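Enquirer: Structure incoming, see below.
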Amino acid sequence: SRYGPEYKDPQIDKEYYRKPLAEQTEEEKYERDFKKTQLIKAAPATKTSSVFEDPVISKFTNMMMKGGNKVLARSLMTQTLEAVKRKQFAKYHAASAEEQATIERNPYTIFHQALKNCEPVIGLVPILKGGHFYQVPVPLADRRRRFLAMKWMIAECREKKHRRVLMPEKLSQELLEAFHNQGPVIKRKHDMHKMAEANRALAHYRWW
Amino acid sequence: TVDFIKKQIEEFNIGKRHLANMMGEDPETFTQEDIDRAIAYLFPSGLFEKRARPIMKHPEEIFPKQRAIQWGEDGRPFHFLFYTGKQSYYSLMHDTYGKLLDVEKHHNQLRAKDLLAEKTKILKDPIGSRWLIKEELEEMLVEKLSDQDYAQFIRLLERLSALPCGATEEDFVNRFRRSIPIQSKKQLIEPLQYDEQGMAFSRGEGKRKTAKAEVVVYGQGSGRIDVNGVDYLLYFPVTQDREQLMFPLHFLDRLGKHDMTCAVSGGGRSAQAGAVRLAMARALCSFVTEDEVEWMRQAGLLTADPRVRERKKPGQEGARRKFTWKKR
Amino acid sequence: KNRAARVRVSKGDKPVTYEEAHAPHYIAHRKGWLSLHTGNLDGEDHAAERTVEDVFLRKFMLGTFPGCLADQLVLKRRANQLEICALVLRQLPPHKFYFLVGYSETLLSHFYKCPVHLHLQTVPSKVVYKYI
Amino acid sequence: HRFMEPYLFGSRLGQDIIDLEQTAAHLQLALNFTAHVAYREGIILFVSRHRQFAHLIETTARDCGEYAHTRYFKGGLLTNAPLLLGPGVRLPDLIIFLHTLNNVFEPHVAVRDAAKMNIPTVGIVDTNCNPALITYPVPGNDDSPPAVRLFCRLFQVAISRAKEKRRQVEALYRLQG
Amino acid sequence: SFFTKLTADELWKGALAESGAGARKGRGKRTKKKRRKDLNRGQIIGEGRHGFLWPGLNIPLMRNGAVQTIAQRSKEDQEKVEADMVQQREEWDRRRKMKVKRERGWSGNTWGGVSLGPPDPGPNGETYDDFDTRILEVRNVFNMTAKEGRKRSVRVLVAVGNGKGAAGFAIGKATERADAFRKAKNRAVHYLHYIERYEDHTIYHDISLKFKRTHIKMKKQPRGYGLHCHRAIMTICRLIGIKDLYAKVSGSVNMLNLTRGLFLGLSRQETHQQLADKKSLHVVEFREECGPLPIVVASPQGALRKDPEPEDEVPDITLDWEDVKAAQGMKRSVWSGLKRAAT
RNA sequence: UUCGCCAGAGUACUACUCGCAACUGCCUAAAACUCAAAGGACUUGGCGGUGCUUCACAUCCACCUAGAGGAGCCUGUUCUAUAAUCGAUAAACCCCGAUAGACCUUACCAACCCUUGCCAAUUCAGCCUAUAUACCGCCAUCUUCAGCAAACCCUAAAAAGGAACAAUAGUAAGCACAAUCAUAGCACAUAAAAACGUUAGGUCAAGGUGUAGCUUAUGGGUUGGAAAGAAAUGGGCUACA
Ligand SMILES: [Mg+2]
Ligand SMILES: [Mg+2]
Ligand SMILES: [Mg+2]
Ligand SMILES: [Mg+2]
Ligand SMILES: [Mg+2]
Ligand SMILES: [Mg+2]
Ligand SMILES: [Mg+2]
Ligand SMILES: [Mg+2]
Ligand SMILES: [Mg+2]
Ligand SMILES: [Mg+2]
Ligand SMILES: [Mg+2]
Ligand SMILES: [Mg+2]
Ligand SMILES: [Mg+2]
Ligand SMILES: [Mg+2]
Ligand SMILES: [Mg+2]
Ligand SMILES: [Mg+2]
Ligand SMILES: [Mg+2]
Ligand SMILES: [Mg+2]
Ligand SMILES: [Mg+2]
Ligand SMILES: [Mg+2]
Ligand SMILES: [Mg+2]
Ligand SMILES: [Mg+2]
Ligand SMILES: [Mg+2]
Ligand SMILES: [Mg+2]
Ligand SMILES: [Mg+2]
Ligand SMILES: [Mg+2]
Ligand SMILES: [Mg+2]
Ligand SMILES: [Mg+2]
Ligand SMILES: [Mg+2]
Ligand SMILES: [Mg+2]
Ligand SMILES: [Mg+2]
């Protein structure tokens, strides 16, 4: 809030500035970006120019963080990635030659694919009409869909596990199940879709 | 109050002579930058408001512009627009309209004669000219002003400027123009320094969340950081803190081309990491061209972080958390 | 609503002084303190004694000069000698003013075991700052 | 207007026609009154609320040495003069209306304020004006540029002649003693 | 104990409770007696209980060319001085307890008809010393406000007149009664009517006017019928200069409407000279006690028409039934011929 | 020029008569009794589960995070119980007066003593006695809402209102708002400020107080006790991993 309305969000992509001469449309904007005396906010500590970080991973770590233990959240994320990598390597080495060309060991791509698989398509909005609340089906925004996809998995893995089982160990199994379209997160997404299909006849209640 | 200001002028002159005599400076060379300096010493009033401090200026600055007499001894008003309420603003509007009509008729005659000698003298972008503000116009015209009349005057001035400018019209329209200050936000680049037969030596300072960091960078050594006498790996066990160090160097691709020594105090781990990142970014400006320092400042490396913890308020918990408000 | 050291605004005819026209939150911003001493510093002591002496001086001078006092007194404490500056309406003759100042300069000195100076500035009337 | 019937010669296919005999009869008296007021050192204010000839009226008043009002007429100008103009101000001794109606097609404020303050008013009235409160009504046209210029020049020359004759009378008075 | 004392200003402000919260909305007015006494009125700063005479305060500094030492009065002298001081207290209380009776224009507890004094002079310096004014009506007007609620404002009708035929009326409304009086006085002089008075004692002709809802019937009277009119019309005519008149007000008796109608009727009079000018005939007065003597009051200046007016055998005059009853003696009311006080 | 009606309101499109294919019907149509009013129109606020536009930025929802209401403890209240204070006790009370209780604090009670009894004196001291519905001093709420308001002027009268920017009666000191100030550079943010009034809001117990009451006592001193929880509830800490 200390930054005034004139402050603009910084650009972290280095390739955006490394080759400004490859296109002319961006030139007209980046030449007047600084001419208008546009002040730029400080770069956040979470976001950097490293190539091994992803905004999706950062958002998931922030959502998993409890209170202010960002170090603990980062350690949990790293342990989950290590666990999924090792579990994929074990299956890669236990499988035959034909399955090795199909099984994937990269944790980032399987994490993104699992998140997309567990992303809902449409959601429900409670609308009050006639003194009663109806769950009207409604298209969801991209950010809302991604947040719901992350939140469902986080809530399931925080509560539906045994005390002896650790968070990275549970998350490693859940990510694989979601990637293979077998997890309770996928079941919850299907339940939401079925509820929306049941309440589709109430979609006329929406006014936007 | 015409005689009162005149008497105050003589009293101010006498007081200026006395102040110069008692301070010991030459009264002939005594000016306002000495008057205020001597006042601040003789009457050291410590107050937060500057206008509450003792001040001795010429009466024309202290007293506001007093309205001149409008009618003679016989009661006849001097100006012909006295009964219009605003005899200065309306006279100015009448003169502007008369000059606009003169310009229009002269341009019509010139077009009839088929002559074009005027040019476009309305584009003053390189000069940096602007129109007068309401307060500036109220300074020129002793009488009070409004918003609608000021807008009408500005819209008539732009109409006049949109026509082929004359010889005497440009000087009249220029007296309502004001120069703007430089809006350049380009920072000052420290020159490369050579101390104790050491080449490519620079220094930078950074502050973030009660953390002060001073970083010295040598452009001839290998890539390594020495913080508080220990290596950065030992001083920052957290990978995010080391990513803060990597953020400026990776943007300039100078990971293994500069050796940096930092001294940071105050704050926590993240505050120290931010302070050293800011100091390193500010120090690296000397070793890079002017094209990439602007890229760093647009990426957010050369700007401070004003996010400081707010003071706790009475009756609250954390300056935002209110107590449990019971409705009944 | 805040009411401390705040004179309520009338219909627009009451005379107020410069000190009265400023709210207490303007202290050290637009107006200064009526008394100056070293007791209210950080590493100093003996502040309660100075405060009680100051309030006794206020109450004593209010009765000593009844009806002719213009505004609050100024109590300067500077190296064991105490200066008291007052603004007084020129209602009493100078013959009585000198009698009163000579009485006070000795009474306060013998009561507080310290030298005192008393300075009076005569004014034709109370100075008006805001609307009168 | 209902009160313009005695001042109309007739109607020429919808458009009313103002008779010029009574126009000249009223104009002679109006010019004589204005010249006498100027001769007796009276303040004359040319009032007109019409956004076509405001500059012409201002220039005519400047040439005459009399005062003009062609802008937004303030509320308590003539009535609350001691608070609108100054502590002690001398009100105009004659008000000359060049346009009785304002931009809202309504009677002007000054045409009533002059009657309230006992200020004589000479006014040019069109077929849609109300001459009841005007001391010297002149039935004519106030919408044609030549019509406006004719009245402006007539008042200009009347003021100039009155002032010049006053100066000549004073010059003779100087030699009389 | 000394530090526990306060100042007299705060003591009186707390004792009187002038700014109390119960007297704002209107819960007060029960004990309407507010009096503040200054205790420093007659207290000499040198005098005291022990009776010391200080050379700088009580006694002169130099006497007989020498300096005076600290002296003390005797017990008898102190008793005399304190007796004089006590006597001053009751002397001031005597003045404080005395209240001069207020004016009774129409009744002992009304402001109708009371004198308010000459109006204030104008900005240019004109002074109205010959003008006398009277209050016709005082009414407490209330308005509903969002915050306070009822907003009491006094509205006063005030009529000015010089006795020479020039008079006017105005309405002043203000929060305070004195401010309303001042506003009405300063605004009445701006609206002055001139009343044509026949022989400066009566009106030229009888007038029957019908205002908004008030009917006023005024009849010309001789020198012996002095102001037998309503209690406010009598005051207005006394201010104007009319000494003889009979007026009856029927219908609504609203004060403002009555005043406006009376002024309109008096302003719309027709002078004898005006009638002579408009008829081109001589106006001849036939006095009853002067026999058949044809007294001429107005001369038709200009062209005197020689054509006599058409003599109507039966005049079609809009008569009034009350006047017909009065002429025929059918007015048997007991309130018509009552004996009343002089003007 | 005529005809039919109107004499406060309620009683009352009523009762009692006459007349009528009407028999719970229609027309005409009172009185006793009660009141000083009953009524029509209008102005300003307030309200509206009226409608139309613009809004909500921790605010209503669409939505995010952390908690209360479940357990123990601490603490404050409401209740029972004692000889054993008091006030607050809807938003604006409930770790509130109290940034603070073994004696003192403490104004409560029981036992005992003193009555010109703190001060130079006073047919005087002293009262935490009642009245916050008599106050000052200090605050709470609307409230980060902007309006309040002296002096004038105008209205075919005036309860009241006062505006059209290509301007149609509005000028307006001043208090508010704003700006400035402080968080040692700007900007932002925070802090501070927030008038006139509403809640007869809280405070005679910070202190003094107008009125009404005590004076061998409702005043002044010493000792000892001021529990306890059948129960309910507010706010916090600890956790339920
Ligand atoms: Mg917190
Ligand atoms: Mg016309
Ligand atoms: Mg009486
Ligand atoms: Mg009546
Ligand atoms: Mg009846
Ligand atoms: Mg019926
Ligand atoms: Mg019936
Ligand atoms: Mg909320
Ligand atoms: Mg918790
Ligand atoms: Mg709970
Ligand atoms: Mg609980
Ligand atoms: Mg209690
Ligand atoms: Mg209670
Ligand atoms: Mg409450
Ligand atoms: Mg005890
Ligand atoms: Mg105890
Ligand atoms: Mg007691
Ligand atoms: Mg109260
Ligand atoms: Mg405003
Ligand atoms: Mg009004
Ligand atoms: Mg103002
Ligand atoms: Mg600052
Ligand atoms: Mg700001
Ligand atoms: Mg605040
Ligand atoms: Mg402010
Ligand atoms: Mg109460
Ligand atoms: Mg209470
Ligand atoms: Mg008390
Ligand atoms: Mg009590
Ligand atoms: Mg409890
Ligand atoms: Mg609390």
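Chain identifiers are assigned as A, B, and so on, following the order in which chains appear in the structure tokens; residues are numbered from 1 within each chain, and ligands are numbered from 1 in order of appearance.
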Please, which residues of chain E lie no more than 10 Å from chain C when the count uses only C-alpha atoms, and can they be set out as a VMD selection string?
Expert: chain E and resid 2 to 3 5 to 7 40 45 to 46 54 to 58 60 to 61
Enquirer: Check every protein, DNA and RNA residue against ligand 15, keep those with an atom at most 8 Å away (counting only C-alpha atoms (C1' of nucleotides) and all ligand atoms), and present them as an NGL selection string.
Expert: :F and (103-104 or 223-224)
Enquirer: Kindly export the residues of the current selection with N, CA, C and O atoms (P, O5', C5', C4', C3', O3' and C1' of nucleotides), as a PDB file, in the first residue's frame.
Expert:
```pdb
ATOM      1  P     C F 103      -5.537  -5.631  52.472  1.00  0.00           P
ATOM      2  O5'   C F 103      -4.674  -5.392  53.788  1.00  0.00           O
ATOM      3  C5'   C F 103      -5.149  -5.796  55.064  1.00  0.00           C
ATOM      4  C4'   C F 103      -4.535  -4.956  56.151  1.00  0.00           C
ATOM      5  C3'   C F 103      -4.613  -3.455  55.919  1.00  0.00           C
ATOM      6  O3'   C F 103      -5.845  -2.898  56.337  1.00  0.00           O
ATOM      7  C1'   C F 103      -2.393  -4.044  56.468  1.00  0.00           C
ATOM      8  P     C F 104      -6.701  -1.982  55.332  1.00  0.00           P
ATOM      9  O5'   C F 104      -5.685  -0.837  54.892  1.00  0.00           O
ATOM     10  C5'   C F 104      -5.241   0.148  55.815  1.00  0.00           C
ATOM     11  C4'   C F 104      -4.292   1.119  55.161  1.00  0.00           C
ATOM     12  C3'   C F 104      -4.759   1.696  53.836  1.00  0.00           C
ATOM     13  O3'   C F 104      -5.624   2.804  54.006  1.00  0.00           O
ATOM     14  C1'   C F 104      -2.518   0.956  53.639  1.00  0.00           C
ATOM     15  P     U F 223      -4.287  -0.984  62.695  1.00  0.00           P
ATOM     16  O5'   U F 223      -5.024  -2.242  63.335  1.00  0.00           O
ATOM     17  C5'   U F 223      -4.522  -2.862  64.509  1.00  0.00           C
ATOM     18  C4'   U F 223      -5.508  -3.856  65.067  1.00  0.00           C
ATOM     19  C3'   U F 223      -6.032  -4.889  64.082  1.00  0.00           C
ATOM     20  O3'   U F 223      -5.143  -5.977  63.898  1.00  0.00           O
ATOM     21  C1'   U F 223      -7.846  -3.947  65.261  1.00  0.00           C
ATOM     22  P     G F 224      -4.993  -6.656  62.450  1.00  0.00           P
ATOM     23  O5'   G F 224      -6.301  -7.555  62.313  1.00  0.00           O
ATOM     24  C5'   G F 224      -6.581  -8.579  63.256  1.00  0.00           C
ATOM     25  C4'   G F 224      -7.987  -9.100  63.097  1.00  0.00           C
ATOM     26  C3'   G F 224      -8.407  -9.443  61.677  1.00  0.00           C
ATOM     27  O3'   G F 224      -7.955 -10.722  61.269  1.00  0.00           O
ATOM     28  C1'   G F 224     -10.093  -8.146  62.704  1.00  0.00           C
TER      29        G F 224
END
```
Enquirer: Could you give me, as JSON, numbers by chain, each residue of region 41-277 of chain E that DSSP assigns to strand (DSSP E) when run on this structure's backbone?
Expert: {"E": [52, 53, 62, 63, 66, 67, 71, 72, 132, 133, 134, 135, 136, 137, 138, 139, 140, 141, 142, 143, 144, 150, 151, 152, 153, 154, 155, 156, 157, 158, 159, 160, 161, 166, 167, 168, 169, 170, 171, 172, 173, 174, 192, 193, 194, 197, 198, 202, 203, 207, 208, 209, 210, 214, 215, 216, 217, 218, 219, 246, 247, 248, 249, 250, 251]}
Enquirer: Please determine the contact residues of chain C with respect to chain F at a cut-off of 8 Å, counting only C-alpha atoms (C1' of nucleotides), and supply them as number ranges by chain.
Expert: C: 1-4, 9, 11-12, 25, 29, 131
Enquirer: Suppose we keep N, CA, C and O atoms; can you now write the selection as a PDB file, in the first residue's frame?
Expert:
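out10.pdb written:
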```pdb
ATOM      1  N   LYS C   1     -16.019  13.752  21.152  1.00  0.00           N
ATOM      2  CA  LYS C   1     -15.302  14.920  20.654  1.00  0.00           C
ATOM      3  C   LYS C   1     -14.251  15.385  21.657  1.00  0.00           C
ATOM      4  O   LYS C   1     -14.502  15.417  22.861  1.00  0.00           O
ATOM      5  N   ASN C   2     -13.074  15.742  21.151  1.00  0.00           N
ATOM      6  CA  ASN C   2     -12.003  16.222  22.014  1.00  0.00           C
ATOM      7  C   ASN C   2     -12.368  17.578  22.602  1.00  0.00           C
ATOM      8  O   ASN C   2     -12.825  18.475  21.887  1.00  0.00           O
ATOM      9  N   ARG C   3     -12.167  17.727  23.913  1.00  0.00           N
ATOM     10  CA  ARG C   3     -12.519  18.954  24.610  1.00  0.00           C
ATOM     11  C   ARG C   3     -11.395  19.502  25.480  1.00  0.00           C
ATOM     12  O   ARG C   3     -11.599  20.518  26.153  1.00  0.00           O
ATOM     13  N   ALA C   4     -10.225  18.871  25.485  1.00  0.00           N
ATOM     14  CA  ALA C   4      -9.134  19.301  26.346  1.00  0.00           C
ATOM     15  C   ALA C   4      -8.431  20.513  25.750  1.00  0.00           C
ATOM     16  O   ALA C   4      -8.010  20.485  24.589  1.00  0.00           O
ATOM     17  N   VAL C   9     -16.321  27.204  19.721  1.00  0.00           N
ATOM     18  CA  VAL C   9     -16.582  28.326  18.826  1.00  0.00           C
ATOM     19  C   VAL C   9     -17.990  28.850  19.086  1.00  0.00           C
ATOM     20  O   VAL C   9     -18.960  28.085  19.091  1.00  0.00           O
ATOM     21  N   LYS C  11     -20.957  32.123  18.223  1.00  0.00           N
ATOM     22  CA  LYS C  11     -21.599  32.581  16.996  1.00  0.00           C
ATOM     23  C   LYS C  11     -20.651  33.365  16.098  1.00  0.00           C
ATOM     24  O   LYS C  11     -20.975  33.597  14.929  1.00  0.00           O
ATOM     25  N   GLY C  12     -19.495  33.780  16.612  1.00  0.00           N
ATOM     26  CA  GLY C  12     -18.534  34.506  15.806  1.00  0.00           C
ATOM     27  C   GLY C  12     -18.188  35.870  16.364  1.00  0.00           C
ATOM     28  O   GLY C  12     -17.788  36.770  15.620  1.00  0.00           O
ATOM     29  N   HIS C  25      -3.036  19.566  20.233  1.00  0.00           N
ATOM     30  CA  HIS C  25      -2.266  18.770  19.287  1.00  0.00           C
ATOM     31  C   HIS C  25      -1.358  19.620  18.409  1.00  0.00           C
ATOM     32  O   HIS C  25      -0.541  19.064  17.666  1.00  0.00           O
ATOM     33  N   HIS C  29       4.160  22.252  17.189  1.00  0.00           N
ATOM     34  CA  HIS C  29       3.950  22.416  15.757  1.00  0.00           C
ATOM     35  C   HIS C  29       3.716  23.879  15.398  1.00  0.00           C
ATOM     36  O   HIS C  29       4.436  24.446  14.571  1.00  0.00           O
ATOM     37  N   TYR C 131     -11.229  35.505  15.046  1.00  0.00           N
ATOM     38  CA  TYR C 131     -12.408  36.359  15.044  1.00  0.00           C
ATOM     39  C   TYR C 131     -12.664  36.939  16.429  1.00  0.00           C
ATOM     40  O   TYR C 131     -12.455  36.281  17.452  1.00  0.00           O
TER      41      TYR C 131
END
```
Enquirer: Have a look at B:245, B:324, B:282, B:268 and name the one nearest to chain A; count only C-alpha atoms.
Expert: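 Among the listed residues, the smallest separation from chain A belongs to B:245.
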Enquirer: Near residue 84 (chain F), within 7 Å and counting only C-alpha atoms (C1' of nucleotides), which residues show up once chain neighbours fewer than 2 positions away are dropped, as a PyMOL selection string?
Expert: chain F and resi 108-109+226
Enquirer: With distances taken over only C-alpha atoms (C1' of nucleotides) and all ligand atoms, which of F:113, F:96, F:179, F:118 is nearest to ligand 12?
Expert: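 Distance minimum relative to ligand 12 lands on F:96.
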Enquirer: DSSP on the backbone: which residues in chain C end up as alpha helix (DSSP H)? Give the answer as number ranges by chain.
Expert: C: 48-64, 94-112
Enquirer: Give me, as a ChimeraX atom specification, the residues of chain A touching chain F, with the criterion being at most 9 Å (counting only C-alpha atoms (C1' of nucleotides)).
Expert: /A:1-5,67,125-127,163
Enquirer: Can you tell me which residues come within 9 Å of ligand 10 when counting only C-alpha atoms (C1' of nucleotides) and all ligand atoms, ideally as a VMD selection string?
Expert: chain F and resid 67 to 70
Enquirer: Selection from above, N, CA and C atoms (P, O5', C5', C4', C3', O3' and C1' of nucleotides), as a PDB file, in the first residue's frame, can you write it?
Expert:
```pdb
ATOM      1  P     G F  67      -6.408 -20.968  13.327  1.00  0.00           P
ATOM      2  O5'   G F  67      -7.079 -19.998  14.396  1.00  0.00           O
ATOM      3  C5'   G F  67      -8.196 -20.413  15.166  1.00  0.00           C
ATOM      4  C4'   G F  67      -8.855 -19.239  15.844  1.00  0.00           C
ATOM      5  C3'   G F  67     -10.117 -19.547  16.634  1.00  0.00           C
ATOM      6  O3'   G F  67      -9.833 -20.047  17.929  1.00  0.00           O
ATOM      7  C1'   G F  67     -10.464 -17.634  15.279  1.00  0.00           C
ATOM      8  P     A F  68     -10.847 -21.061  18.651  1.00  0.00           P
ATOM      9  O5'   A F  68     -12.059 -20.135  19.107  1.00  0.00           O
ATOM     10  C5'   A F  68     -11.855 -19.052  20.004  1.00  0.00           C
ATOM     11  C4'   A F  68     -13.126 -18.267  20.207  1.00  0.00           C
ATOM     12  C3'   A F  68     -14.331 -19.079  20.654  1.00  0.00           C
ATOM     13  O3'   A F  68     -14.346 -19.278  22.057  1.00  0.00           O
ATOM     14  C1'   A F  68     -14.944 -17.643  18.866  1.00  0.00           C
ATOM     15  P     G F  69     -14.539 -20.748  22.669  1.00  0.00           P
ATOM     16  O5'   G F  69     -16.095 -21.030  22.491  1.00  0.00           O
ATOM     17  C5'   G F  69     -17.066 -20.137  23.018  1.00  0.00           C
ATOM     18  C4'   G F  69     -18.438 -20.461  22.489  1.00  0.00           C
ATOM     19  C3'   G F  69     -18.746 -21.943  22.347  1.00  0.00           C
ATOM     20  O3'   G F  69     -19.189 -22.526  23.560  1.00  0.00           O
ATOM     21  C1'   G F  69     -19.329 -20.818  20.349  1.00  0.00           C
ATOM     22  P     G F  70     -18.220 -23.491  24.404  1.00  0.00           P
ATOM     23  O5'   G F  70     -17.983 -24.736  23.442  1.00  0.00           O
ATOM     24  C5'   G F  70     -18.953 -25.766  23.331  1.00  0.00           C
ATOM     25  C4'   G F  70     -18.297 -27.119  23.220  1.00  0.00           C
ATOM     26  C3'   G F  70     -17.182 -27.389  24.220  1.00  0.00           C
ATOM     27  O3'   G F  70     -17.660 -27.813  25.485  1.00  0.00           O
ATOM     28  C1'   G F  70     -16.434 -27.946  22.058  1.00  0.00           C
TER      29        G F  70
END
```
Enquirer: Using only C-alpha atoms (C1' of nucleotides), which residues sit within 12 Å of residue 12 (chain E) once same-chain residues fewer than 4 positions away are excluded, as a PyMOL selection string?
Expert: (chain E and resi 6-8+16-19+34-39) or (chain F and resi 135-136+208-210)
Enquirer: Hey, what's within 9 Å of residue 127 (chain C) if we count only C-alpha atoms (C1' of nucleotides) and toss same-chain stuff fewer than 2 positions away? As a short mmCIF file (atom, residue, chain, number, x, y, z; two decimals) with C-alpha atoms, in the first residue's frame, please?
Expert:
```cif
data_model
loop_
_atom_site.label_atom_id
_atom_site.label_comp_id
_atom_site.auth_asym_id
_atom_site.auth_seq_id
_atom_site.Cartn_x
_atom_site.Cartn_y
_atom_site.Cartn_z
CA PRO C 15 -12.23 37.26 21.33
CA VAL C 16 -9.57 34.56 21.64
CA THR C 17 -5.81 34.65 22.14
CA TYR C 18 -3.20 32.93 19.98
CA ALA C 70 -3.60 39.11 29.68
CA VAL C 123 -0.68 45.92 26.87
CA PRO C 124 -3.64 48.24 26.18
CA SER C 125 -5.91 45.19 25.83
CA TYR C 129 -5.78 36.54 16.91
#
```
Enquirer: What residues in chain B lie within 10 Å of chain F, counting only C-alpha atoms (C1' of nucleotides), written as a list in words?
Expert: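 The answer, sorted by residue number, is residues 47, 48, 49, 50, 51, 147, 148, 149, 151, 152, 306, 307, 310, 311, 312, 313, 319, 323, 324, 325, 326, 327 and 328 of chain B.
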Enquirer: Just to be explicit: take each residue in the selection above, keep N, CA and C atoms, and write the result as a CSV table (one decimal), in the first residue's frame.
Expert:
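File produced: result.csv:
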```csv
chain,number,residue,atom,x,y,z
B,47,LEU,N,10.0,24.7,15.9
B,47,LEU,CA,8.7,24.3,15.6
B,47,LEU,C,8.6,23.5,14.3
B,48,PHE,N,7.7,22.6,14.2
B,48,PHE,CA,7.6,21.7,13.0
B,48,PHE,C,7.0,22.5,11.8
B,49,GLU,N,6.1,23.5,12.1
B,49,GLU,CA,5.6,24.3,11.0
B,49,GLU,C,6.5,25.4,10.7
B,50,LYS,N,6.9,25.5,9.4
B,50,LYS,CA,7.8,26.6,9.0
B,50,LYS,C,7.2,28.0,9.1
B,51,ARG,N,5.9,28.1,8.8
B,51,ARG,CA,5.2,29.3,8.8
B,51,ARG,C,5.0,29.9,10.2
B,147,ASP,N,-13.9,28.5,-11.1
B,147,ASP,CA,-13.4,27.4,-11.9
B,147,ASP,C,-14.0,27.5,-13.3
B,148,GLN,N,-15.2,27.9,-13.5
B,148,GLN,CA,-15.8,28.0,-14.8
B,148,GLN,C,-15.2,29.1,-15.6
B,149,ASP,N,-15.0,30.3,-15.0
B,149,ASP,CA,-14.4,31.4,-15.7
B,149,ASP,C,-12.9,31.1,-16.1
B,151,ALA,N,-11.8,28.1,-16.7
B,151,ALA,CA,-11.8,27.2,-17.8
B,151,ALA,C,-12.2,27.9,-19.1
B,152,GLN,N,-13.1,28.9,-19.1
B,152,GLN,CA,-13.4,29.7,-20.2
B,152,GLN,C,-12.2,30.5,-20.7
B,306,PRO,N,9.8,0.4,0.2
B,306,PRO,CA,9.2,1.2,1.3
B,306,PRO,C,8.3,0.4,2.2
B,307,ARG,N,8.2,-0.9,2.1
B,307,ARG,CA,7.3,-1.8,2.9
B,307,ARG,C,7.9,-1.9,4.3
B,310,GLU,N,4.1,-1.3,10.2
B,310,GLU,CA,3.4,-0.2,10.7
B,310,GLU,C,3.3,-0.2,12.2
B,311,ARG,N,3.3,1.0,12.9
B,311,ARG,CA,3.2,1.0,14.3
B,311,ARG,C,1.9,0.5,14.8
B,312,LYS,N,1.9,-0.2,15.9
B,312,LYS,CA,0.7,-0.7,16.5
B,312,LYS,C,-0.2,0.4,17.0
B,313,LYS,N,-1.5,0.4,16.8
B,313,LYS,CA,-2.4,1.4,17.3
B,313,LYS,C,-3.0,1.1,18.6
B,319,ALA,N,-2.1,-3.3,14.7
B,319,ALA,CA,-2.2,-2.1,13.9
B,319,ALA,C,-3.3,-2.3,12.9
B,323,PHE,N,-10.1,-5.6,18.2
B,323,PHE,CA,-10.5,-6.5,19.2
B,323,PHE,C,-11.9,-7.2,18.8
B,324,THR,N,-12.2,-8.2,19.5
B,324,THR,CA,-13.5,-9.0,19.2
B,324,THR,C,-14.7,-8.0,19.6
B,325,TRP,N,-15.3,-7.5,18.5
B,325,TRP,CA,-16.4,-6.6,18.6
B,325,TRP,C,-17.7,-7.3,18.9
B,326,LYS,N,-18.2,-7.2,20.1
B,326,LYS,CA,-19.4,-7.9,20.5
B,326,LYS,C,-20.6,-7.0,20.1
B,327,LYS,N,-21.5,-7.5,19.3
B,327,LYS,CA,-22.7,-6.7,18.9
B,327,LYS,C,-23.6,-6.4,20.0
B,328,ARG,N,-23.8,-7.4,20.9
B,328,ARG,CA,-24.7,-7.2,22.1
B,328,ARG,C,-24.1,-7.8,23.3
```
Enquirer: Counting only C-alpha atoms, which residue out of D:120, D:145, D:10, D:42 sits closest to chain B?
Expert: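 Result for the nearest residue to chain B: D:42.
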Enquirer: What are the residues of chain E lining chain F at 8 Å or less? Count only C-alpha atoms (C1' of nucleotides), and put the answer as JSON, numbers by chain.
Expert: {"E": [4, 5, 6, 10, 11, 13, 14, 15, 16, 17, 20, 21, 22, 141, 143, 144, 145, 146, 147, 148, 149]}
Enquirer: Starting from chain A, keep only residues with some atom at most 12 Å from an atom of chain B, counting only C-alpha atoms, and report them as a PyMOL selection string.
Expert: chain A and resi 1-4+7-20+30-31+33-53+58+70-75+78
